[PDB]
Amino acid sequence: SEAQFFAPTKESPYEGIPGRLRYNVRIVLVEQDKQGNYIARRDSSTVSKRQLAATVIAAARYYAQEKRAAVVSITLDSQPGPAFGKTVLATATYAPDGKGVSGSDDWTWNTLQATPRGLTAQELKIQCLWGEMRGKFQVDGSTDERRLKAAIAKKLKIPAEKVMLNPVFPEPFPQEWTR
């Protein structure tokens, strides 16, 4: 039920609401390799929903303190990559003063989401191939999923019914987990 090692991939402020700084951050799970270097976590399928939630909760609390932000949004991605080369594993928005994003809301925590588990090395590889190859499979402004699924399947020598960008959708997570 503890937070996992993470590294930010993107950080940006939003000051649209006068006197209420928002800080939006995208994070990924990391691990140490044999050489002691940090890399994108190879397999997160054994990471629980509770651990994914604890990671975004801890990151939100960290950034609120460090950037002196009134509001902090954290998105945990499956791995580094383009928009369609990764998926959301967990999310959390934190407003320490209990006034939400607007400054007149009545919440401290919102947009609490976490997938039931992380992804396997194979699921992560499929996502990476999806992101790299999809540009060659554009037909009338949309991805030809049938042909993209088949080309990944042929490359990895696996069935096409195992090929998808999002193998596991996020779920809400309880408010009591943030206490």
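Residue numbers run from 1 along the displayed sequence.
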Item to check | Of 140 to 148 and 58 to 66, the stretch whose C-alpha atoms average the higher B-factor in the entry | outcome: 140 to 148
Next on the checklist: Tell me which stretch, 19 to 27 or 154 to 162, has the higher mean Cα B-factor listed in the entry.
Outcome noted: 154 to 162
Checklist entry - Whose C-alpha has the highest temperature factor in the PDB entry: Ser45, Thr111, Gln51, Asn37? => result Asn37
Checklist entry - Would the CA B-factor of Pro96 place it in the lowest, middle or highest third of its chain? => result middle
Checklist outcome for this item: Sorting the chain's modelled residues by C-alpha B-factor and splitting them into thirds places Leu124 in the lowest
